[PDB]
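Colleague: Have a peek at model.cif (mmCIF, C-alpha atoms and all ligand atoms).
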```cif
data_work
loop_
_atom_site.label_atom_id
_atom_site.label_comp_id
_atom_site.auth_asym_id
_atom_site.auth_seq_id
_atom_site.Cartn_x
_atom_site.Cartn_y
_atom_site.Cartn_z
CA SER S 4 -16.17 -15.57 3.55
CA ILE S 5 -13.97 -13.35 5.72
CA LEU S 6 -15.52 -10.39 3.89
CA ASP S 7 -18.79 -10.99 5.72
CA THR S 8 -16.99 -10.20 8.98
CA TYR S 9 -16.01 -6.56 8.42
CA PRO S 10 -17.90 -3.60 6.94
CA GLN S 11 -18.28 -3.65 3.15
CA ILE S 12 -19.79 -0.19 2.72
CA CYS S 13 -17.70 2.95 2.82
CA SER S 14 -18.37 5.99 4.93
CA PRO S 15 -21.03 8.29 3.44
CA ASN S 16 -18.24 10.88 3.50
CA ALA S 17 -16.19 9.00 0.90
CA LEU S 18 -15.59 9.62 -2.79
CA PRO S 19 -18.05 8.92 -5.61
CA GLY S 20 -18.23 5.36 -6.94
CA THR S 21 -17.31 3.72 -3.63
CA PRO S 22 -19.32 0.93 -1.98
CA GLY S 23 -22.53 2.28 -0.52
CA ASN S 24 -22.15 5.60 -2.37
CA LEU S 25 -23.15 4.67 -5.92
CA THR S 26 -25.48 6.37 -8.33
CA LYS S 27 -28.19 4.26 -9.93
CA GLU S 28 -26.18 3.93 -13.15
CA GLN S 29 -23.09 2.89 -11.16
CA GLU S 30 -25.12 0.28 -9.29
CA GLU S 31 -26.38 -1.07 -12.61
CA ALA S 32 -22.84 -1.15 -13.99
CA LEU S 33 -21.60 -3.07 -10.96
CA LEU S 34 -24.34 -5.69 -11.36
CA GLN S 35 -23.55 -6.01 -15.07
CA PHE S 36 -19.80 -6.24 -14.44
CA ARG S 37 -20.23 -8.99 -11.84
CA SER S 38 -22.63 -10.85 -14.14
CA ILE S 39 -20.07 -10.81 -16.95
CA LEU S 40 -17.26 -12.07 -14.71
CA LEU S 41 -19.40 -14.88 -13.27
CA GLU S 42 -20.31 -15.93 -16.80
CA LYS S 43 -16.57 -16.06 -17.60
CA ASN S 44 -16.16 -18.57 -14.70
CA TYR S 45 -14.62 -16.19 -12.15
CA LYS S 46 -15.62 -16.91 -8.55
CA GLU S 47 -13.10 -15.09 -6.34
CA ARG S 48 -12.60 -11.38 -5.76
CA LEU S 49 -16.11 -10.51 -6.97
CA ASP S 50 -17.07 -8.55 -3.87
CA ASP S 51 -18.37 -4.98 -4.18
CA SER S 52 -15.12 -3.40 -2.97
CA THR S 53 -12.89 -5.23 -5.42
CA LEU S 54 -15.15 -4.78 -8.42
CA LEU S 55 -15.75 -1.10 -7.76
CA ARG S 56 -12.00 -0.54 -7.52
CA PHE S 57 -11.71 -1.91 -11.06
CA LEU S 58 -14.72 0.08 -12.28
CA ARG S 59 -13.39 3.32 -10.80
CA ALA S 60 -9.99 2.63 -12.36
CA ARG S 61 -11.68 2.57 -15.80
CA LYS S 62 -14.33 5.25 -15.14
CA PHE S 63 -17.14 2.68 -15.21
CA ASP S 64 -16.29 1.49 -18.75
CA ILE S 65 -17.45 -2.06 -18.17
CA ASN S 66 -15.56 -3.75 -20.99
CA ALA S 67 -12.33 -1.99 -20.03
CA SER S 68 -12.88 -3.06 -16.42
CA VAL S 69 -13.42 -6.67 -17.52
CA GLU S 70 -10.14 -6.60 -19.42
CA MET S 71 -8.32 -5.14 -16.44
CA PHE S 72 -9.80 -7.73 -14.08
CA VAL S 73 -9.10 -10.67 -16.43
CA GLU S 74 -5.48 -9.55 -16.77
CA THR S 75 -5.14 -9.15 -13.00
CA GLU S 76 -6.47 -12.64 -12.27
CA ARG S 77 -3.98 -14.18 -14.62
CA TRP S 78 -1.12 -12.04 -13.27
CA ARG S 79 -1.95 -13.12 -9.72
CA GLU S 80 -1.61 -16.74 -10.80
CA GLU S 81 1.52 -16.23 -12.91
CA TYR S 82 3.36 -14.20 -10.27
CA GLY S 83 2.25 -16.27 -7.30
CA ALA S 84 0.33 -13.49 -5.57
CA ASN S 85 -2.47 -15.88 -4.57
CA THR S 86 -0.07 -17.91 -2.39
CA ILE S 87 2.53 -15.30 -1.46
CA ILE S 88 1.49 -15.11 2.21
CA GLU S 89 1.35 -18.89 2.61
CA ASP S 90 4.68 -19.34 0.84
CA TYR S 91 6.27 -16.75 3.11
CA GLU S 92 4.94 -18.43 6.24
CA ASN S 93 6.25 -21.80 5.03
CA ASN S 94 9.77 -20.30 4.94
CA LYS S 95 9.31 -17.61 7.53
CA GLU S 96 12.59 -17.86 9.44
CA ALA S 97 14.80 -17.67 6.35
CA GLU S 98 12.75 -14.87 4.82
CA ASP S 99 12.69 -12.80 8.01
CA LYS S 100 16.46 -13.21 8.39
CA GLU S 101 16.95 -11.68 4.95
CA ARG S 102 14.29 -9.01 5.37
CA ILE S 103 15.83 -7.61 8.56
CA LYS S 104 19.08 -6.96 6.65
CA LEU S 105 17.28 -4.29 4.60
CA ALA S 106 15.32 -2.64 7.41
CA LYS S 107 17.81 -0.18 8.96
CA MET S 108 19.06 1.07 5.64
CA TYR S 109 15.58 1.25 4.04
CA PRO S 110 12.90 1.86 6.68
CA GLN S 111 9.43 0.72 5.62
CA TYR S 112 6.85 0.75 8.41
CA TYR S 113 3.19 1.17 9.14
CA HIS S 114 2.42 3.31 12.16
CA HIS S 115 -1.24 3.81 13.14
CA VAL S 116 -3.77 5.39 10.78
CA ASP S 117 -4.81 8.69 9.26
CA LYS S 118 -7.84 10.68 10.44
CA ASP S 119 -10.13 8.67 8.16
CA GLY S 120 -8.82 5.35 9.40
CA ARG S 121 -6.48 4.43 6.52
CA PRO S 122 -3.32 2.50 7.38
CA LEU S 123 -0.49 5.02 7.66
CA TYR S 124 2.69 3.88 5.91
CA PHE S 125 6.17 5.46 6.07
CA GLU S 126 9.28 4.88 3.98
CA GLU S 127 12.64 6.58 4.47
CA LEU S 128 15.02 6.57 1.48
CA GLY S 129 17.93 8.82 2.51
CA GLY S 130 19.89 6.04 4.20
CA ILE S 131 20.04 3.87 1.11
CA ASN S 132 23.52 3.28 -0.29
CA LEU S 133 22.76 1.48 -3.54
CA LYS S 134 25.99 -0.53 -3.68
CA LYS S 135 25.45 -1.77 -0.12
CA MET S 136 21.76 -2.47 -0.66
CA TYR S 137 22.35 -4.63 -3.69
CA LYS S 138 24.68 -6.84 -1.61
CA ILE S 139 21.70 -7.94 0.52
CA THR S 140 18.73 -7.76 -1.88
CA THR S 141 17.87 -7.69 -5.57
CA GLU S 142 15.43 -5.43 -7.38
CA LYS S 143 13.00 -8.26 -8.02
CA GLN S 144 13.20 -9.33 -4.38
CA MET S 145 12.19 -5.81 -3.34
CA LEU S 146 9.33 -5.93 -5.82
CA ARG S 147 8.13 -9.23 -4.36
CA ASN S 148 8.38 -7.76 -0.84
CA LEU S 149 6.07 -5.02 -2.03
CA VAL S 150 3.53 -7.44 -3.54
CA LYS S 151 3.58 -9.47 -0.33
CA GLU S 152 2.81 -6.27 1.56
CA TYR S 153 -0.06 -5.50 -0.80
CA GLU S 154 -1.49 -8.90 0.06
CA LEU S 155 -0.95 -8.37 3.80
CA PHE S 156 -2.64 -5.00 3.45
CA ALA S 157 -5.73 -6.55 1.86
CA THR S 158 -5.81 -9.64 4.11
CA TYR S 159 -5.08 -8.12 7.56
CA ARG S 160 -4.88 -4.35 7.55
CA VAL S 161 -8.09 -3.62 5.64
CA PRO S 162 -10.28 -5.88 7.81
CA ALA S 163 -8.93 -4.52 11.10
CA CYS S 164 -9.06 -0.88 10.06
CA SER S 165 -12.57 -1.33 8.68
CA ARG S 166 -13.82 -2.93 11.91
CA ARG S 167 -12.23 -0.06 13.83
CA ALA S 168 -13.78 2.66 11.67
CA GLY S 169 -17.18 0.98 11.35
CA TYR S 170 -16.96 1.39 7.57
CA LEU S 171 -14.88 -0.07 4.75
CA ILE S 172 -11.30 1.20 4.53
CA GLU S 173 -9.85 0.36 1.10
CA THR S 174 -6.87 2.69 0.76
CA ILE S 175 -3.48 3.65 2.20
CA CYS S 176 -1.99 6.94 3.41
CA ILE S 177 1.71 7.13 2.48
CA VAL S 178 4.51 9.36 3.77
CA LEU S 179 7.74 9.04 1.79
CA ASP S 180 10.76 10.72 3.44
CA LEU S 181 13.42 11.66 0.86
CA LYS S 182 15.78 13.53 3.20
CA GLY S 183 19.27 13.13 1.89
CA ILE S 184 18.63 11.36 -1.42
CA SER S 185 20.57 12.07 -4.60
CA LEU S 186 18.54 12.86 -7.72
CA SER S 187 21.09 10.97 -9.83
CA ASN S 188 20.41 7.91 -7.67
CA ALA S 189 16.68 8.43 -8.21
CA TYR S 190 17.34 8.47 -11.95
CA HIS S 191 19.41 5.31 -11.69
CA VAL S 192 16.50 3.44 -10.03
CA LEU S 193 13.84 4.68 -12.46
CA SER S 194 13.47 1.20 -13.94
CA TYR S 195 12.63 -0.16 -10.46
CA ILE S 196 10.13 2.65 -9.93
CA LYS S 197 8.59 1.75 -13.30
CA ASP S 198 8.29 -1.91 -12.26
CA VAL S 199 6.59 -0.85 -9.01
CA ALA S 200 4.27 1.49 -10.91
CA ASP S 201 3.33 -1.11 -13.53
CA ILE S 202 2.31 -3.75 -10.99
CA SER S 203 0.62 -1.23 -8.73
CA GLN S 204 -1.30 0.65 -11.44
CA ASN S 205 -2.42 -2.43 -13.33
CA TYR S 206 -3.11 -5.01 -10.60
CA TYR S 207 -3.85 -2.93 -7.47
CA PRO S 208 -6.29 -0.26 -8.70
CA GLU S 209 -7.74 2.35 -6.37
CA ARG S 210 -5.62 1.39 -3.36
CA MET S 211 -3.90 4.77 -3.04
CA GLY S 212 -5.56 7.23 -0.70
CA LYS S 213 -3.00 9.97 -0.17
CA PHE S 214 0.74 10.08 -0.93
CA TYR S 215 2.92 12.69 0.74
CA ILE S 216 6.56 13.22 -0.20
CA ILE S 217 8.55 15.09 2.46
CA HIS S 218 12.12 16.38 2.78
CA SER S 219 12.66 16.05 -0.95
CA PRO S 220 15.59 17.80 -2.63
CA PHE S 221 14.88 21.22 -4.12
CA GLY S 222 14.88 19.72 -7.63
CA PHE S 223 12.72 16.69 -6.83
CA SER S 224 9.45 18.23 -8.00
CA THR S 225 10.85 18.55 -11.51
CA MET S 226 12.76 15.26 -11.38
CA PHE S 227 9.37 13.68 -10.58
CA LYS S 228 8.19 14.60 -14.08
CA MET S 229 10.24 11.53 -15.13
CA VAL S 230 8.00 9.35 -12.98
CA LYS S 231 4.64 10.82 -14.02
CA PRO S 232 4.46 8.94 -17.38
CA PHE S 233 4.35 5.71 -15.39
CA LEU S 234 1.31 6.93 -13.42
CA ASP S 235 -2.22 7.85 -14.35
CA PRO S 236 -3.35 11.46 -13.75
CA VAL S 237 -5.74 10.26 -11.04
CA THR S 238 -2.80 8.80 -9.12
CA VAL S 239 -0.70 11.94 -9.67
CA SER S 240 -3.53 14.04 -8.24
CA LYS S 241 -3.10 12.19 -4.92
CA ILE S 242 0.66 12.87 -4.65
CA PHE S 243 1.68 15.94 -2.65
CA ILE S 244 5.30 17.06 -2.60
CA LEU S 245 5.60 19.16 0.56
CA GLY S 246 8.00 21.96 1.49
CA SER S 247 9.41 23.23 4.76
CA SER S 248 5.91 23.68 6.31
CA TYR S 249 5.15 19.96 5.88
CA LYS S 250 4.53 19.11 9.55
CA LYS S 251 1.34 21.11 9.83
CA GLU S 252 0.28 19.85 6.41
CA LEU S 253 0.53 16.24 7.56
CA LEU S 254 -1.48 17.13 10.67
CA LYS S 255 -4.46 18.11 8.50
CA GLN S 256 -4.66 14.45 7.52
CA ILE S 257 -3.17 12.53 10.47
CA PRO S 258 -3.92 12.71 14.23
CA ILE S 259 -1.02 14.29 16.09
CA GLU S 260 -0.83 11.32 18.46
CA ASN S 261 -0.40 8.96 15.49
CA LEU S 262 2.46 10.83 13.82
CA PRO S 263 6.07 10.22 14.92
CA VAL S 264 7.73 13.09 16.78
CA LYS S 265 10.29 13.49 14.01
CA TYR S 266 7.53 14.27 11.50
CA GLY S 267 5.57 16.68 13.68
CA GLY S 268 3.52 14.49 16.02
CA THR S 269 3.68 13.07 19.52
CA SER S 270 3.92 9.34 18.83
CA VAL S 271 6.72 7.55 20.67
CA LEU S 272 7.29 3.80 20.76
CA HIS S 273 6.44 2.19 24.09
CA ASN S 274 10.10 1.31 24.56
CA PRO S 275 11.74 4.49 23.24
CA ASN S 276 14.94 2.55 22.44
CA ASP S 277 13.06 0.56 19.80
CA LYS S 278 13.34 1.46 16.13
CA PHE S 279 10.56 2.49 13.75
CA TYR S 280 12.21 0.46 11.01
CA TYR S 281 11.36 -2.76 12.92
CA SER S 282 7.85 -1.61 13.83
CA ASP S 283 4.34 -2.51 12.70
CA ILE S 284 1.83 -0.78 14.98
CA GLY S 285 -1.83 -0.21 14.16
CA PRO S 286 -5.40 -1.58 14.45
CA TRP S 287 -4.28 -4.95 13.02
CA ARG S 288 -2.50 -5.37 16.41
CA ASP S 289 -5.66 -4.59 18.43
CA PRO S 290 -7.46 -7.81 19.45
CA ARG S 291 -10.82 -6.03 19.20
CA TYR S 292 -10.31 -5.58 15.47
CA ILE S 293 -8.49 -8.79 14.52
CA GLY S 294 -11.05 -11.17 13.09
CA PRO S 295 -11.23 -14.74 11.81
CA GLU S 296 -8.32 -14.04 9.45
CA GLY S 297 -6.10 -14.07 12.55
CA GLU S 298 -3.21 -11.74 13.25
CA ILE S 299 -0.82 -10.49 10.61
CA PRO S 300 2.58 -12.27 10.57
CA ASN S 301 5.53 -10.34 11.93
CA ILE S 302 7.77 -9.37 9.01
CA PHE S 303 10.81 -8.57 11.17
CA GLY S 304 10.62 -11.82 13.12
CA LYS S 305 11.61 -11.56 16.77
CA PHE S 306 12.67 -7.95 16.14
CA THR S 307 9.16 -6.80 15.22
CA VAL S 308 7.97 -3.92 17.41
CA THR S 309 4.19 -3.97 17.87
CA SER S 310 3.82 -1.34 20.64
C1 LIG S 401 15.69 0.75 -5.34
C2 LIG S 401 15.47 1.56 -4.06
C3 LIG S 401 14.69 2.83 -4.42
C4 LIG S 401 13.23 2.68 -4.04
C5 LIG S 401 12.56 4.01 -4.37
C6 LIG S 401 11.17 3.76 -4.93
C7 LIG S 401 10.32 3.12 -3.82
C8 LIG S 401 8.85 3.18 -4.28
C9 LIG S 401 8.18 4.35 -3.52
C10 LIG S 401 7.01 4.14 -2.82
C11 LIG S 401 6.42 2.74 -2.81
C12 LIG S 401 5.07 2.78 -2.06
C13 LIG S 401 3.93 2.92 -3.10
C14 LIG S 401 2.79 2.01 -2.58
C15 LIG S 401 1.52 2.24 -3.45
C16 LIG S 401 0.35 1.60 -2.67
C17 LIG S 401 -1.03 2.01 -3.26
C18 LIG S 401 -1.11 1.57 -4.72
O1 LIG S 401 -0.75 0.50 -5.08
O2 LIG S 401 -1.69 2.50 -5.64
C19 LIG S 401 -1.75 2.05 -6.95
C20 LIG S 401 -0.71 2.83 -7.72
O3 LIG S 401 0.53 2.62 -7.07
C21 LIG S 401 1.65 3.17 -7.77
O4 LIG S 401 1.48 3.69 -8.87
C22 LIG S 401 3.00 2.98 -7.12
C23 LIG S 401 3.99 3.98 -7.66
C24 LIG S 401 3.68 5.32 -6.98
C25 LIG S 401 4.73 6.37 -7.40
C26 LIG S 401 6.08 6.01 -6.73
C27 LIG S 401 6.73 7.36 -6.42
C28 LIG S 401 8.25 7.17 -6.26
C29 LIG S 401 8.85 8.58 -6.48
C30 LIG S 401 9.86 8.86 -5.36
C31 LIG S 401 11.03 7.88 -5.56
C32 LIG S 401 12.26 8.67 -6.03
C33 LIG S 401 13.31 8.65 -4.92
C34 LIG S 401 14.26 7.49 -5.16
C35 LIG S 401 15.56 7.72 -4.41
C36 LIG S 401 16.40 6.47 -4.45
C37 LIG S 401 17.49 6.60 -3.39
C38 LIG S 401 18.53 5.51 -3.62
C39 LIG S 401 -3.08 2.32 -7.60
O5 LIG S 401 -3.20 3.75 -7.87
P1 LIG S 401 -4.63 4.41 -7.72
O6 LIG S 401 -4.47 5.87 -8.06
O7 LIG S 401 -5.23 4.11 -6.39
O8 LIG S 401 -5.53 3.69 -8.84
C40 LIG S 401 -5.32 3.98 -10.20
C41 LIG S 401 -5.38 2.69 -10.99
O9 LIG S 401 -4.36 1.84 -10.50
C42 LIG S 401 -5.18 2.98 -12.48
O10 LIG S 401 -5.36 1.80 -13.24
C43 LIG S 401 -6.13 4.03 -12.99
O11 LIG S 401 -5.75 4.32 -14.34
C44 LIG S 401 -6.08 5.30 -12.15
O12 LIG S 401 -7.05 6.20 -12.61
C45 LIG S 401 -6.35 4.96 -10.70
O13 LIG S 401 -7.65 4.40 -10.60
#
```
Could you write out this file's structure as structure tokens?
Modeller:
Amino acid sequence: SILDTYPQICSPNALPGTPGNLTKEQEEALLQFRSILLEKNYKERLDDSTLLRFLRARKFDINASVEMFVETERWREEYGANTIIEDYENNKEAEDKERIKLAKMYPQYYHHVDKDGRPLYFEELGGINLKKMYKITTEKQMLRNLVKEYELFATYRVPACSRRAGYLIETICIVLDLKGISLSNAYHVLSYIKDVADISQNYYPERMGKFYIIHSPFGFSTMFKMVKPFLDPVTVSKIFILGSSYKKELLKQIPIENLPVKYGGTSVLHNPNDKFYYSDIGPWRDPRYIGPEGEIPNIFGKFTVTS
């Protein structure tokens, strides 16, 4: 499969329980877990990386990991995640036309990688006017956009970033810019955040690498206690709400040349009149690292900025 064509072992510098870094008991658990799933007629998504994500998510409790995996496989079928990329491509023009309507008001863009090679993903929320947004999208449409991205991440971004790094890259580095948000608006969208958290926690285990929140209102750290019940403590431990010294904090994790100027770095788009909210720059655009999966589709259509 495509998995044979990029590295499937993590760096030796990675966390415990990751591919290539297992203890003997963890290796034995992985073999037992795979054996159980094969005996239950599963054939897909049984690679080391996937299965160890599920095992780590349940602290190597095999039966709990089986339940989580069984529930994920059925969810993928019920929701349409297994065909979401193909379905998008079969209606690409109409879907891109609608997606671009959201982009300026709600920037969502990958831009290069962190120091360890993870895809680096930015969102900016301070330009959202909720009344205006809900004229051009629905909550469940935004949720499906996010699932489609999770599938693009796994299908295109992981392979390219892994080939670049020479080791398996399984996780994302997120920077969420909250400059200008209202905490009452945040409260009003808590049900959407819960929907995002439920799908992400239950069906996309161990995909989060690091999650920085910048420019948040003074009261955001305590408002965030309303989100924590939707998240596991492991996930919370990867979320860092940064203060006024955030630029240098990001630079511990991200090469300066990969970070936009406005967030402390030196990265500028090749045409400086282009907009980050139409951009999708990173190793998945480098022909050296694009493999037999082919190149990622361009989610902003003819407006997509790839340099
Ligand atoms: C409607 C518009 C508003 C959108 C405003 C909300 C927009 C949503 C904000 C950010 C979306 C981007 C998040 C993308 C997540 C990608 C990675 C991912 O899927 O990670 C997965 C988890 O992803 C999530 O939980 C997603 C939710 C993250 C918290 C979202 C924070 C949002 C708080 C700031 C928003 C408030 C400002 C709003 C302002 C609104 C202004 C109008 C897997 O986690 P991980 O730790 O790797 O493994 C888990 C495993 O899974 C569990 O089983 C185990 O029990 C546990 O031990 C671990 O093994």
Colleague: Please define a box with edges along x, y and z of the file around all atoms of ligand LIG 401 (chain S) given in the file, extend it by 4 Å on each side, and return its centre and edge lengths in Å to one decimal, as lines of an AutoDock Vina configuration file.
Modeller:
```
center_x = 5.4
center_y = 4.7
center_z = -8.2
size_x = 34.2
size_y = 16.4
size_z = 20.3
```
Colleague: Pick the closest to ligand LIG 401 (chain S) from S:299, S:145, S:106, S:155: which is it, counting all atoms listed in the file?
Modeller: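 Under the stated criterion, the closest residue is S:145.
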Colleague: May I ask which of the residues S:165, S:140, S:16, S:75 is the closest one to residue 292 (chain S), counting only C-alpha atoms?
Modeller: S:165
Colleague: Rank nothing, just name the residue among S:253, S:136, S:244, S:60 nearest to residue 104 (chain S), using all atoms listed in the file.
Modeller: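 Checking each candidate against residue 104 (chain S), we get S:136 as the closest.
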Colleague: Can you tell me which residues surround residue 144 (chain S) at a distance of at most 12 Å, considering only C-alpha atoms, apart from same-chain residues fewer than 2 positions away, and format the answer as a tab-separated table (two decimals) with C-alpha atoms, keeping the file's coordinate frame?
Modeller:
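Ended up saving to selection26.tsv:
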```
chain	number	residue	atom	x	y	z
S	98	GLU	CA	12.75	-14.87	4.82
S	101	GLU	CA	16.95	-11.68	4.95
S	102	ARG	CA	14.29	-9.01	5.37
S	105	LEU	CA	17.28	-4.29	4.60
S	136	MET	CA	21.76	-2.47	-0.66
S	137	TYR	CA	22.35	-4.63	-3.69
S	139	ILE	CA	21.70	-7.94	0.52
S	140	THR	CA	18.73	-7.76	-1.88
S	141	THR	CA	17.87	-7.69	-5.57
S	142	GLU	CA	15.43	-5.43	-7.38
S	146	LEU	CA	9.33	-5.93	-5.82
S	147	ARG	CA	8.13	-9.23	-4.36
S	148	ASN	CA	8.38	-7.76	-0.84
S	149	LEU	CA	6.07	-5.02	-2.03
S	150	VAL	CA	3.53	-7.44	-3.54
S	151	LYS	CA	3.58	-9.47	-0.33
S	195	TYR	CA	12.63	-0.16	-10.46
S	198	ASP	CA	8.29	-1.91	-12.26
S	199	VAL	CA	6.59	-0.85	-9.01
```
Colleague: Using only C-alpha atoms for the distances, tell me which of S:187, S:163, S:241, S:152 is nearest to residue 84 (chain S).
Modeller: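 Nearest candidate to residue 84 (chain S) out of S:187, S:163, S:241, S:152: S:152.
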Colleague: May I ask you to write as a list in words all residues lying at most 6 Å from ligand LIG 401 (chain S), with all atoms listed in the file counted?
Modeller: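 The neighbouring residues of ligand LIG 401 (chain S) are, in order, residues 59, 60, 128, 131, 133, 184, 188, 189, 192, 196, 199, 200, 203, 204, 205, 207, 208, 209, 210, 211, 234, 235, 237 and 238 of chain S.
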Colleague: From the set S:134, S:213, S:121, S:48, which residue has the shortest atom-to-atom contact distance to residue 108 (chain S), counting all atoms listed in the file?
Modeller: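 Looking at the shortest contact to residue 108 (chain S), the residue is S:134.
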Colleague: Which polymer residues have any atom within 10 Å of an atom of residue 50 (chain S), counting all atoms listed in the file, with same-chain residues fewer than 2 positions away left out, as an MDAnalysis selection string?
Modeller: chainID S and resid 6 11 22 37 46:48 52:55
Colleague: Rank nothing, just name the residue among S:290, S:268, S:129, S:23 nearest to residue 217 (chain S), using only C-alpha atoms.
Modeller: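 Checking each candidate against residue 217 (chain S), we get S:129 as the closest.
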Colleague: With a distance cut-off of 8 Å and all atoms listed in the file, select the neighbouring residues of region 260-267 of chain S, excluding the residue or stretch itself and same-chain residues fewer than 2 positions from it, and output the selection as a ChimeraX atom specification.
Modeller: /S:114-117,250-251,253-254,257-258,269-271
Colleague: For CA of residue 87 (chain S) and CA of residue 197 (chain S), determine how far apart the two atoms are, in Å to one decimal place.
Modeller: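 Spanning CA of residue 87 (chain S) to CA of residue 197 (chain S) is a straight-line distance of 21.6 Å.
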Colleague: If we count only C-alpha atoms and set the cut-off at 12 Å, which residues sit around residue 306 (chain S), ignoring sequence neighbours fewer than 2 positions away in its own chain? Please answer as a list in words.
Modeller: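 Within the cut-off, the hits are residues 96, 99, 100, 102, 103, 104, 106, 107, 277, 278, 279, 280, 281, 282, 283, 301, 302, 303, 304, 308, 309 and 310 of chain S.
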Colleague: Would you work out the distance separating CA of residue 168 (chain S) from CA of residue 286 (chain S), expressed in Å to one decimal?
Modeller: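 Taking CA of residue 168 (chain S) and CA of residue 286 (chain S), their separation equals 9.8 Å.
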Colleague: Hey, can you check how far CA of residue 65 (chain S) sits from CA of residue 242 (chain S)?
Modeller: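 Going from CA of residue 65 (chain S) over to CA of residue 242 (chain S) covers 27.1 Å.
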Colleague: Show me, as a PDB file with C-alpha atoms, keeping the file's coordinate frame, the residues that have an atom within 12 Å of residue 25 (chain S) when counting all atoms listed in the file, minus same-chain residues fewer than 2 positions from it.
Modeller:
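Output saved as around.pdb:
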```
ATOM      1  CA  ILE S  12     -19.790  -0.190   2.720  1.00  0.00           C
ATOM      2  CA  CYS S  13     -17.700   2.950   2.820  1.00  0.00           C
ATOM      3  CA  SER S  14     -18.370   5.990   4.930  1.00  0.00           C
ATOM      4  CA  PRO S  15     -21.030   8.290   3.440  1.00  0.00           C
ATOM      5  CA  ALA S  17     -16.190   9.000   0.900  1.00  0.00           C
ATOM      6  CA  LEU S  18     -15.590   9.620  -2.790  1.00  0.00           C
ATOM      7  CA  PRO S  19     -18.050   8.920  -5.610  1.00  0.00           C
ATOM      8  CA  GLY S  20     -18.230   5.360  -6.940  1.00  0.00           C
ATOM      9  CA  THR S  21     -17.310   3.720  -3.630  1.00  0.00           C
ATOM     10  CA  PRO S  22     -19.320   0.930  -1.980  1.00  0.00           C
ATOM     11  CA  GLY S  23     -22.530   2.280  -0.520  1.00  0.00           C
ATOM     12  CA  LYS S  27     -28.190   4.260  -9.930  1.00  0.00           C
ATOM     13  CA  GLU S  28     -26.180   3.930 -13.150  1.00  0.00           C
ATOM     14  CA  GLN S  29     -23.090   2.890 -11.160  1.00  0.00           C
ATOM     15  CA  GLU S  30     -25.120   0.280  -9.290  1.00  0.00           C
ATOM     16  CA  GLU S  31     -26.380  -1.070 -12.610  1.00  0.00           C
ATOM     17  CA  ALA S  32     -22.840  -1.150 -13.990  1.00  0.00           C
ATOM     18  CA  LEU S  33     -21.600  -3.070 -10.960  1.00  0.00           C
ATOM     19  CA  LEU S  34     -24.340  -5.690 -11.360  1.00  0.00           C
ATOM     20  CA  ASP S  51     -18.370  -4.980  -4.180  1.00  0.00           C
ATOM     21  CA  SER S  52     -15.120  -3.400  -2.970  1.00  0.00           C
ATOM     22  CA  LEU S  55     -15.750  -1.100  -7.760  1.00  0.00           C
ATOM     23  CA  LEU S  58     -14.720   0.080 -12.280  1.00  0.00           C
ATOM     24  CA  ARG S  59     -13.390   3.320 -10.800  1.00  0.00           C
ATOM     25  CA  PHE S  63     -17.140   2.680 -15.210  1.00  0.00           C
TER      26      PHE S  63
END
```
Colleague: Could you model N, CA and C atoms for region 253-263 of chain S and present them as a tab-separated table (two decimals), keeping the file's coordinate frame?
Modeller:
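Ended up saving to rebuild_14.tsv:
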```tsv
chain	number	residue	atom	x	y	z
S	253	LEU	N	0.84	17.61	7.19
S	253	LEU	CA	0.53	16.24	7.56
S	253	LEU	C	-0.54	16.19	8.63
S	254	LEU	N	-0.52	17.13	9.57
S	254	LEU	CA	-1.48	17.13	10.67
S	254	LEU	C	-2.90	17.46	10.22
S	255	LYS	N	-3.10	18.01	9.03
S	255	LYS	CA	-4.46	18.11	8.50
S	255	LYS	C	-5.06	16.74	8.25
S	256	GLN	N	-4.22	15.76	7.95
S	256	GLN	CA	-4.66	14.45	7.52
S	256	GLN	C	-4.48	13.37	8.58
S	257	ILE	N	-3.62	13.58	9.57
S	257	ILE	CA	-3.17	12.53	10.47
S	257	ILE	C	-3.28	13.04	11.90
S	258	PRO	N	-3.87	12.28	12.82
S	258	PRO	CA	-3.92	12.71	14.23
S	258	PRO	C	-2.51	12.92	14.78
S	259	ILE	N	-2.35	13.98	15.57
S	259	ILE	CA	-1.02	14.29	16.09
S	259	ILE	C	-0.46	13.12	16.89
S	260	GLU	N	-1.30	12.41	17.63
S	260	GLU	CA	-0.83	11.32	18.46
S	260	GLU	C	-0.44	10.09	17.66
S	261	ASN	N	-0.74	10.07	16.36
S	261	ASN	CA	-0.40	8.96	15.49
S	261	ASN	C	0.85	9.22	14.68
S	262	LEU	N	1.34	10.43	14.66
S	262	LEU	CA	2.46	10.83	13.82
S	262	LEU	C	3.74	10.82	14.64
S	263	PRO	N	4.81	10.18	14.18
S	263	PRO	CA	6.07	10.22	14.92
S	263	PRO	C	6.52	11.64	15.23
```
